[PDB]
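# Coordinate inspection notes
The primary structure of each chain is shown beneath.
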Amino acid sequence: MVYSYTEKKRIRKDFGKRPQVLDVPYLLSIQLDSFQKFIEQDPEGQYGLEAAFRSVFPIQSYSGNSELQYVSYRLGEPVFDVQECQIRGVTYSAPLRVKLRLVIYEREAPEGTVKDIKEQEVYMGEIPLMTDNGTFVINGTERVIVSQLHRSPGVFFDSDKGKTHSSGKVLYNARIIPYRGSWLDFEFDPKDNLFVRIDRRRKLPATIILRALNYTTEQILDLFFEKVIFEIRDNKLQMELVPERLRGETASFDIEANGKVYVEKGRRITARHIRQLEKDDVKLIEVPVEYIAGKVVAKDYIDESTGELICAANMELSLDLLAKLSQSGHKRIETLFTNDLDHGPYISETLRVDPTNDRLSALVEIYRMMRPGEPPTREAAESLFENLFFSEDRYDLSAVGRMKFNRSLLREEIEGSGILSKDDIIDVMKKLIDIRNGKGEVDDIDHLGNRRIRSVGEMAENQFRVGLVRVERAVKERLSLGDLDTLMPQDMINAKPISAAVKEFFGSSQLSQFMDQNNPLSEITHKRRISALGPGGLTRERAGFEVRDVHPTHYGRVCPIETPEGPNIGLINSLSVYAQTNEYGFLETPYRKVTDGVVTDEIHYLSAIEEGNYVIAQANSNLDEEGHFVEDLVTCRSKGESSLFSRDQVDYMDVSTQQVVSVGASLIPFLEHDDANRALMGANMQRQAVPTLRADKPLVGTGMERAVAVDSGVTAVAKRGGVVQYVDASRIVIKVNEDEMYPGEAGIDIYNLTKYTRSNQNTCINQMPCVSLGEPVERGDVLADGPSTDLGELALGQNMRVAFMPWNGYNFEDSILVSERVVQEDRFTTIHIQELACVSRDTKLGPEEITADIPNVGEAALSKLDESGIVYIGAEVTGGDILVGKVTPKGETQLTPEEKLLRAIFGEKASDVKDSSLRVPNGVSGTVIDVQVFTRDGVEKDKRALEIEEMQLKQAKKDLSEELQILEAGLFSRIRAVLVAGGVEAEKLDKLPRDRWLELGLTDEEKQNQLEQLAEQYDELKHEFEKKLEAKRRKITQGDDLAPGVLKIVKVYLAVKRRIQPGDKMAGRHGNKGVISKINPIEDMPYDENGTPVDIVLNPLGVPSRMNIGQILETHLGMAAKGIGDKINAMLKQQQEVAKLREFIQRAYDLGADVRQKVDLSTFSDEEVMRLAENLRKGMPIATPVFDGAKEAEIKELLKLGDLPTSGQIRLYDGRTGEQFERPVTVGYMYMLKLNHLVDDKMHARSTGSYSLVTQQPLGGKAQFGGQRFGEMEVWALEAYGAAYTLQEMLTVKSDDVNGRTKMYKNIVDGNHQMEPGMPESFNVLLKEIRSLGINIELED
Amino acid sequence: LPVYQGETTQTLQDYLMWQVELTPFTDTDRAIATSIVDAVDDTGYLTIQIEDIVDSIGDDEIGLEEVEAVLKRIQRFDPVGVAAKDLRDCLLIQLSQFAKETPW
Amino acid sequence: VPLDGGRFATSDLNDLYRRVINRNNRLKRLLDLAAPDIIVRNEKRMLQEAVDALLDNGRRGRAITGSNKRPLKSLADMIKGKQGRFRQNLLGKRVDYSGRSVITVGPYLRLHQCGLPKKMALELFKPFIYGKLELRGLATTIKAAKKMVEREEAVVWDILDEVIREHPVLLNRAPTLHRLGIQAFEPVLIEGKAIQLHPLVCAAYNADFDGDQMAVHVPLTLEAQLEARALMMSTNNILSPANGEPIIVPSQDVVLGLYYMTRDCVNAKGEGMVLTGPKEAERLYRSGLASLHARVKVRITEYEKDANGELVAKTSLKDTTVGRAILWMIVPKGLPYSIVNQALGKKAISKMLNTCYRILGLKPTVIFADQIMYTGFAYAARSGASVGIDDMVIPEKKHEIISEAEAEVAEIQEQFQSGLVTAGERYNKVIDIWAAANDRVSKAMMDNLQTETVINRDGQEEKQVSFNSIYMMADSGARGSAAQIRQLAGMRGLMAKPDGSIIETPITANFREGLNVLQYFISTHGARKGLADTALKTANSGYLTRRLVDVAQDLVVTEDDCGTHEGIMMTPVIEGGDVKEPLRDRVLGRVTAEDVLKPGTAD
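By convention in this text, residue numbers begin from 1 on each chain and track the written sequence, not necessarily the entry numbering, and residues missing coordinates are not displayed. Following the order in which they are written, the chains are lettered starting with A and the ligands numbered starting with 1. This view holds some of the chains of a larger assembly, and the values cover only those chains. With hydrogens and water stripped out, all remaining heavy atoms of the structure feed into the side-chain values. Residues with missing side-chain atoms are left out of burial classes, side-chain pairs and their counts.

## Section: the overall build of chain B
Per the secondary structure count, chain B includes five helices and zero strands. Along chain B, helices and strands appear, N-terminal first, in the series α-α-α-α-α. Once the C-alpha set of chain B is aligned to its principal axes, its extents read approximately 55 × 40 × 25 Å. By definition, any uninterrupted DSSP run of H or I lasting at least four residues is a helix, any uninterrupted run of E lasting at least two residues is a strand, and each is numbered from the N terminus.

Here's what the structure looks like:
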């Protein structure tokens, strides 16, 4: 039951095959949940400031027996209204006030608290609220706090093999990226030796860490290597071996297997040999002493008599030393294995490569690298080592980092400490060496299981923590210095650093970005992007290409074509339709479990690590009514290489075709034949819209723009209101229903729309209302309408009819040829508003004053100016006349006989001030729509200014008066009703209020009591109303804070309106562009059989080249819709039967494949049909999925039903000579939209432009009639011309030459036709810079 | 940087010189006009008298009449009432620039 | 460079210099009192350090700034770096008469023209406008001219046009891939907000007239005018000075029409109609004829310059096509009307062009090409040339070819399951099977859209050149090729490469069938790749290029003759199967040494 009342006005034809299950989410969950939690008070300090304060809170004095505690923290409700801040210029920020607890404890008492200041709270700054539309309001502008998506903290088993090796070797590195601290590395060198790296410095010994980590070489080897017993007693030379343990080596000799020699001498190791050897028990079998010589001593043994250091550890056995050991030390000694077939020590080598053998010496080299000098004193190195990684307040990597490493360790738990632990790095090296010898799969970079998109909420939590440390130290310093005080916990309380840091990291950065309000899509997406740029991810856009691939786990994560035209492409990844976020920092995507083939309705949000696990299909499929599968063999994705999967294979089902795309494309029209080249080209032309004069609804889109509007937030949704009262050219008032009414509230909605308001990048963005009156509205319904959309559709555009056919040189490839009609038809006009201002600046030479009394000025210039200088609101602008009329006071004149005679003659001026006035920008003209001004407190001029004050007050006053009247009615009625049944005829209580005869005594008991109570409440309301009135009126003249410089800061705003012109840039959703360059009159537009002067003729010589099969697929549809409207339109023009157009409607909706249920004549009452048609005013709206859209047979079907060429062929008559020509073409009415790069945003010229003060170089680019800078490839080409005179003028005539430009202009006037080069001055500048450097620079003759 | 915007300006007197360059003038005429420009006030009145200018020219051929003729040829070029020379005839030249069609 | 209204902030422009002066003064105060060694040495060390930082901060130490950890740029950091006085300062400066220009497309106004928009004008012409006005005495005063301009008389429009007549300007495109992009051409005043160019130098400026720009160049000196009109003039920029190859040739839909003119399905109305020629315009222009005409006889008076410097006409009675006779009226005298005897294709268009340019002469050939453009610009509409869904018709053999390739794949899989076929053997064989089935289906579709048509005649079967627009496109040769149609017509192809490896499942559908979800997601890797390819490779390309241009900055010829026989030989590269190229171009314009002789001995 599509009640869809606001959509009952106009709906789109659907053909959406697969049925909806879970619709779009709030489409804004992202920039909402995080900041919501950021200012959410939780039971456990687990996120936000709840933990962040819990970090750096308690400061214990320097044994001052003094520690600091706190109770709770508060962030305020507003200072000014959102629009109010928009008006004044203020940052929407709210204070943070935290109760503090400062206790003085008496000495010689164990924490024996003696005195407390557990009563002094600190407002630690004014914090900013994330907006209802998730925006910023700081210092004014509209901004987007773009997040980052970056590498997660944990164990990264780096490869770094191949080309960087430059040695024909595959390397095996080990990368750990902590969230805080430097990095600890266990690198590996070309010498089969590991290398220690930290913070990108010179190599450190691999063994350096372990010995510095109180690990003996004996302990290091006993852990690192496994030692055979090798018990050779009485010179047996026999060792205990397991063929399972070590195998795979050919038996050289002396190979006897518990008596019988199973392995012949010189016999290769066989699996049968190993199996037979394992079959029988093997004791210590005699082995050649040659096996001893290579054997490296495991343990360090000393002689039984002498504790000699003979047979040092990590040393291969020597037969002479073997005899010495077997005679002196013992008979059994630990030896080494290092099965080079399957293992490799790589550790004894670096242990031998280890220069420091003691923990002190090892810890000393660490500082020697860290501090090149300043040798420690055996405490400084120790302290640096312990606080470096064994510290909790210095590295504290991450708890998700803890989970990350623990999973990377397959640790059953995942919650660890951010601090370092020995078993960690030990197993870390174990794994690195293992994979080097081969034990598991190395990690993957561009794959998705390893990254996160770093939000905003914890970013601010972090910035706050960063500040919190910065002041905690000075807190300790003051607690140490002059601690003999019981003062408030405000002694060092300076929140100025806190505010500064929070703002800067937010405000002046690249982390956020000034939000633009181009078309609804600009915000529909620029709140929805993921990129690594910033502090994180890819520190440069350079230095990375591999992750810029199409990543395999990444599908329903980033958008499919959404990446810029240039250097930040491939990496600016656009969140998806099914976007969620992981438990940690990542993002999942909901997924219907294909349970036993049956598709569970349950959607499971799925991300990369999980994504490669179960069995996952594609949706472009039928499913049975039982949920059974259409085909038994279904192509399905299992691990990034999809393939046919059994009906018992696929484990899940996704949501819907929206799985693959975000919306940032999904508002792409019918790409089922669009080229990918066309695809990304098209979307990155899709957002370029700005509104036009009239909104006209797209005829064939995708179907979601209504929903986009539902979050696009530019109109008024109707929260909790029942009946619309007052709608006016800037007001909408609606009175709520009682069932939904919460008592004690007025129960009516007054919503205001901003007309004529420049937007974020200075558009026309006007929310304009919907209904007229006497209308019922449901909850959340849109009634306003911000720009470039109509009656509920995010349409950057509107249907203009067009035809595809080459013609007469206007259609080479890429011209868009529309005829004169739209120029008359206004279809897509422009309206844009840039801002303006003025300043006062009470000076040392004197305050400049806004009086329009510019000396030596013309009245007409002053004529538009009023007494303030504030020109009367509403005038046109053309040229550069002065808008704000200020004058700069100067120093006074002496007796000054010349000036004395002057002031005697004219007087009143004495040149005391100079015309110091503000004017309209050059070449930029128009008329105003509204204005602004900022008077700092301390001046009360208010010249034309009090007018705005008063008008504002009038608005607000009428506003408050409304509720006043309404509740007053409620009460007066309650009274006259109380006077009812008292014999009191309403003739009297109507005759006057009279306090209802001041309780005449009708019951005189409770009526007396009730009357007393009622008069009481009445006066109570009177006072409350007046009180709110007074507070508001105070806010009216409340006054703004200007900088110390300018006394008052008046801000101006105007308008400029544009139509498409010769030279224009329109485009269509099939991504084809056009330079609009020849608008013919109405005649030459090609004439049909009915002659209808068709509108837009394009080149057709490309439909293949970039795959414009979709453009014509539309065009067929577009002609069809114009026709469908034509039929219904004639039907109404006849004023035919109601059920007539009704059957027309039901039939038109009824043809084709089965998608979704819409039906009239049972729901819409007849006028709902009557209007439903009356709106059906040029074509039935129609919507298709991109990847479940309509089939072509449907198009062929539709084209007959309204008598149209299903072929689309139809003749025409030529526009100039009119012979019907061959090629019965196809035409359509495919919507167009306009991008920024305006024709009026282009052209510029100047013949005498500003040669600089510095280098007498050009002013710049049209900046003050500035100009271009020539091109070097071109100039070399010019050398190819040998255009010597051209070069001569280009560097002498066309350089900085004052002495040359002057003579040149003189001759150019004089018709002399010569140029005087002289000598370049930039030459002189460089020659100085040489003489500035250590160079005598001169030129001989 | 060391230069930032680095844009020069007219400062009026050089704007007067810009017109003088396009105006036809002789070497002595250019010297007298330039000297007249040298001692020029912000208000646009002549700082030194015609006699002081004649002394500054230091040419016996340069006389008060030649100085006056040079000043007058440059008196109303840009703007009207430049080099006012004890302003009084300056407002006179300004009104003279206006047409006599204006009443009173 | 003052910032706030208050403080100048020559940071390190003097902050280094000022710190230097300050420490210098402090020293002049201190060591003159027999300075303590620790203090004096530390101070002098700081002095050397700071002076170095002012000259080279980056070598040792650091010269970081207030609130900015970034160091200070020393005196030569105003000499070294990308943005120095050694920034693009061998002539890379901001200029005077140009800027950021939008473009239009010149249906009219042949190459001897250039469409200059009037809006940008006269802010150019202003110095010249004033010069003209004073020469005309239209304002005896410069301020009079300044206001009369601020008045904007239309007599100014007249004066500007009169100047705009005999004064061309120069035009250019930016990322100057050549000396070929920039044009000097006959500027003309026009009304709007874009400048129009003839469909000619569309190659020269080398962009494509969508959201883009061109440039305005004011040849101030008369020598500049003469040179550009003689050098920067595109009136000669035909042959690729490198390739020798005529860059200038209509290759857009003007060709499509040129083809549509000379064709014949089987035999059009009165195909036996025959004439002498001047009235063919009357007949086909009146009725009774189509460009679809066959066997129309025509008395043709071809001329050959067989006489030395003299052309002799020669009248034949050749049978030709309707548009053939037409464009025969277009051509000048020399070419055999056998030049008109063609199916008249793109390469042929170029070819006739070449034959002429070798044959006649420069103004002649240019005028010929120009009117060629003119005639095409007429015909394409006189064609128009619809497009539509059905011109995509898939040959039916696709379904069976798919079934067969699937059978082959299933056989390979079952063999691998039996263990007889190795998985890699299965892969290579399956790749072969898929490639073969792809070739088969490709042939099937191509036949479906090759020159394949049944038409009415006496025999009732005249399989002729068909009439689908796309196949005609691949044929005559304007925009696309067979590969384009096939992907839109045959399956998507293998295209199986996430990065380099061959994905087993091939993308099997055409633009006719749409695609699949996994299909599109597959299609994205190579697309973003290729875009990024143009992206990053432009970089190394330009780097090498500048490397070269520097490496060739001084190259010139200063001598005419060397008087030397030394050299290397020019011989064919009969390389691989044969000669990749004949040894014809490599010495086409050659001057062999004294070593040239006939194959005969002493010959």
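## Here's the deal with the overall build of chain C
Of regular secondary structure, chain C possesses 16 helices and 16 strands. Relative to the globule expectation of 25 Å for 603 residues, the C-alpha radius of gyration of chain C, 35 Å, shows a markedly less compact shape. Look at the contacts in chain C between residues 6 or more apart in sequence, and 47% of them connect residues 24 or more apart. Only C-alpha atoms enter the radius of gyration; for comparison, a globular chain is expected to reach 2.2 Å times N to the power 0.38, where N is the number of residues. Contacts are assigned to residue pairs with any non-hydrogen atoms lying within 4.5 Å of each other.

## Topic: the sheet that holds strand β25 (residues 700-701) of chain A
Residues and elements named next belong to chain A. Here three strands make up an open sheet; going across it, the order is β1-β44-β25 and the pairing parallel. Strands at the two margins of the open sheet, each flanked by one partner only, are β1 (13-14) and β25. Summarising the sheet, β25 and strand β44 (residues 1182-1183) pair through two bridges and their orientation is parallel. Within the sheet, the bridge partner assigned to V700 lies in β44 and is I1182. Here, a strand pair is defined by DSSP locating no fewer than two bridges between the strands.

## So, the environment of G869 of chain A
All names here are of chain A. You can see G869 is positioned in the loop between α23 (859-863) and β34 (876-877). Note: C-alpha distance between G869 and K886 (17 residues apart in sequence) is 7.8 Å. Ignoring sequence-local partners within four residues, the contact set of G869 consists of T851, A852 and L883.

## Some words on the interface of chain C and chain A
If you look at the interface, chain C gives 42 residues, while chain A gives 41 residues. For the side of chain C that touches chain A, the secondary structure elements donating two or more residues are β3 (103-105), α11 (362-383) and α16 (517-551) of chain C. Among the elements that line the side of chain C that touches chain A, the one with the most residues is α11 of chain C, at four residues. Residues are sorted three ways: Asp, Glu, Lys and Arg are charged, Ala, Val, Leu, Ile, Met, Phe, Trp, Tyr, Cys and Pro are nonpolar, and all the rest, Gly among them, are polar. Residue classes in the side of chain C that touches chain A are distributed as 17 nonpolar, 13 polar and 12 charged.

## Focus: unusual backbone geometry
Of the consecutive residues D78 of chain B and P79 of chain B, the connecting peptide bond is found in the cis state with omega at -5°. You will see that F230 of chain A, though not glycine, has its phi angle at about 55°, which is positive. Relative to the elements of secondary structure, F230 of chain A occurs in the loop between α6 (217-224) and β12 (238-239). Its identity is not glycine, yet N314 of chain A carries a phi of approximately 55°, on the positive side.

## A word on the sheet that holds strand β10 (residues 194-198) of chain A
Residues and elements named next belong to chain A. Here three strands make up an open sheet; going across it, the order is β9-β10-β11 and the pairing antiparallel. Of all strands in the sheet, those with a lone pairing partner are β9 (184-188) and β11 (204-205), marking the two edges. As paired strands, β10 and β11 are joined by two bridges and run antiparallel to one another. Note on β11: the bridge partner recorded for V196 is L204.

## Quick look at the packing of helix α12 (residues 397-418) of chain C against helix α13 (residues 423-449) of chain C
All names here are of chain C. Every axis corresponds to a line fitted to the C-alpha atoms, with the helix fit spanning only the stretch in contact, and the corresponding angles, defined between N-to-C directions, vary from 0 to 180 degrees. Running from N to C, α12 and α13 point in directions that differ by 175°, and their axes come no closer than 9 Å. Classified by the interaxial angle, the pair formed by α12 and α13 is roughly antiparallel. Contacts between α12 and α13 involve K397, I401, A405, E408, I412 and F416 from the first element and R426, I433, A437, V441 and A444 from the second. Of the residues in the contact of α12 with α13, the class split is eight nonpolar, no polar and three charged. Note on angle classes: values under 35 degrees are labelled roughly parallel, values over 145 roughly antiparallel, values of 65 to 115 roughly perpendicular, and the remainder oblique.

## Concerning helix α14 (residues 422-436) of chain A
The span expected for a helix works out to 1.5 Å for each residue beyond the first. Here α14 of chain A spans 21 Å end to end across 15 residues, near enough to the 21 Å set by a 1.5 Å rise per residue. Just past α14 of chain A, the residue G438 of chain A takes up positive phi, approximately 95°.

## What to know about the pairing of strand β40 (residues 1048-1059) of chain A
All names here are of chain A. In this structure, strand β31 (residues 829-832) lies alongside β40, joined through four bridges in antiparallel fashion. Its bridge partner being in β40, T830 is matched across the sheet by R1058. As defined by bridge partners, strand β39 (residues 926-935) adjoins β40 across eight bridges and the pair is classed as antiparallel. Residue pairing for β40: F934 is matched across the bridge by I1049.

## Here we look at the pairing of strand β13 (residues 310-315) of chain C
Where strand β12 (residues 301-307) of chain C meets β13 of chain C, five bridges bridge the pair, whose relative direction is antiparallel. Across the sheet, the residue bridging to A307 of chain C is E310 of chain C, located in β13 of chain C.

That's the geometry; what it means functionally is another story.
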